[PDB]
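Next up: a single chain in structure tokens, the form deposited in one PDB entry.
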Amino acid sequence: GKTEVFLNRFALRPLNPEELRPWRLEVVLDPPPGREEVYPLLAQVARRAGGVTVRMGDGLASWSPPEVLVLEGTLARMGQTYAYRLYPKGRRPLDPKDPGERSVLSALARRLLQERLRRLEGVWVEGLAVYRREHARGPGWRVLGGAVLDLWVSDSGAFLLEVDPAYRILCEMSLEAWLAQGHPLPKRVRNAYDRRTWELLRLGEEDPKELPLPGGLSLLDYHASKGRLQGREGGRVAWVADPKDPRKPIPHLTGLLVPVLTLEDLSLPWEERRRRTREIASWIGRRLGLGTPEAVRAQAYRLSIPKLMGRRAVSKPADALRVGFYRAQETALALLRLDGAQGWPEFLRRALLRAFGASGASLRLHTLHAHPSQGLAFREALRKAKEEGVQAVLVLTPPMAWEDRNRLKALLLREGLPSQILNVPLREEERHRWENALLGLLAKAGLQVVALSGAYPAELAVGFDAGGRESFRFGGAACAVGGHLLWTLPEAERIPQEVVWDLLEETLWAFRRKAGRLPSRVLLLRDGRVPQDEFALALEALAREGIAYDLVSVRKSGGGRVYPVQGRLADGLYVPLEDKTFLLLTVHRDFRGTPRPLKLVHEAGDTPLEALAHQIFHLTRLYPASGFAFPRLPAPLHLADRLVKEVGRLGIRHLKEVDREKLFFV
């Protein structure tokens, strides 16, 4: 079932010979810099030279003639002040089919765009973003509307425009004028004289004229020495703290600070965004000399709608609260009220009783008559509950302090009980909140509430997540789904490539328990965010235990946007691009702006791409703790993310007191 789509990219004219044959320029820096310092330097030199020049190798490339560039000059990096001399080395014709050359050409194109935007009338320009309309204004502020553009070169030697509409919140005032309008104090603020930012702590009346500043002159005298005040006598003392270490305070002036405004002190329907993409594309196209922008169309396919099921077919995990679960053994749940009231609110008890009745499962509801503020007796009531088949506890409480939330969760978890919080006051009308809480509680108690009916290539699908930003050197989490759902952690700084295999191996082991075999083929999912080689060991071991596998990277960005040529916009959209890579629009709702397609890469294995798309998109529905909206990412990745978030939150790098079939972290 195929269709056709638009991407938010636009084809423009092919590059002329002069652009294919740009000026090449050698660079010398006195003093000669190191090895891990030369590149940032060269970029700085390229900005310094002026014109449409970029870095190429250890030199520069330009579309502007040497005669309008700044050939000799002075510069300052990390203390070392350099002098640079440029030497024209002729014109080097680059080929777009060559990736390195094309990368240089694309840099030159981005430069071209930036320069053409800078010399443009009537618009408000910032970087590669252009803003054309005032969408809102207020006493001292503004919300501009426009688009973030991009411009690169295809391997075919042609320009490519990318357009995505956006708003920009701007402040037209200094901090003092902002405060003089009676507006509240912003959390973040900026130097009016440079780009450094701070967090605003408070105000001070320790007058600016008489405020000693580390050996010598005063606040005012200091700032006036650097010619920042430029005549004007600045405002009152603003106490500001550099974002890094908020412990140490630093004096400043409200007349030299500019509020950094957030929406705290603006989304578009897909159809509107499509429109404005078109409009802005046309305008930029006219204002450049790039020609007529022609939107790139792509072949797409409509994946089949997943068939969720409980004790009867279902559309969302909430209807299982009426219809019954997929797998429900006997359960005992327990209530703990941190407020003053007693017993279950009747609607929760009723919903639980119905759901279990319609599943042929027994349900026991215990009520903990103890308070978290009794250490010993509370732990005794806890163990008494646990020793009577209690599998999870629901917590009715006022909004908790964060630290107390963490403490309570930790305490209950260590005695062996996963926990769900639901805030009071709580009306029966607040349907989605307590239904969501109930689904969460059920999933934490070990229940399989929904499952996918269908034939899937990989019997087991596991997704990973790292504790560190860029390696698994700190661990450490994995989640899997058949189909039953499990999680895995490492066991208390390690060789990054070993952690991954540890997680995968245990996962396979749990599968060996509950299923009695090893899986035929498996689906390995990673959110990229890591080098591939951290998986090499796992890939080889997988190929050594005789297990078939696929490795797919799943990224949230870099796919741009996808619109339909005609008709309505739906999910289950699979857009093939080429070599092992594809877009996948997993999730969308009308009121929910415009969807952002996921970008997926097929790194290992050799299963048909469409099949992988099918299963991944289907796993989009298997997350059981939402219940009204499906996650954008496949359940294993979503769950893995939540798991490391919760491990970091609770600090449970050592937790062997809870079963791995229970999803305590939702």
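Start at 1 and count along the sequence shown; that's the residue number. In this text, the rigid core denotes the largest set of C-alpha atoms whose superposition between the two forms falls within 1.5 Å.
Although it is not shown, the form deposited in another entry is what the next lines describe.
Only one of 576, 306, 88, 345 has its Cα shifted by 2 Å or more between the shown form and the other one after fitting on the core, and that residue is 88. Relative to the superposed core, residue 208 undergoes a Cα shift of 2 Å or more between the shown form and the other one.
Superposed on the core, the two forms barely differ at residue 642: its CA moves less than 2 Å between the shown form and the other one.
After superposing the rigid core, the C-alpha of residue 161 moves by 2 Å or more between the shown form and the other one.
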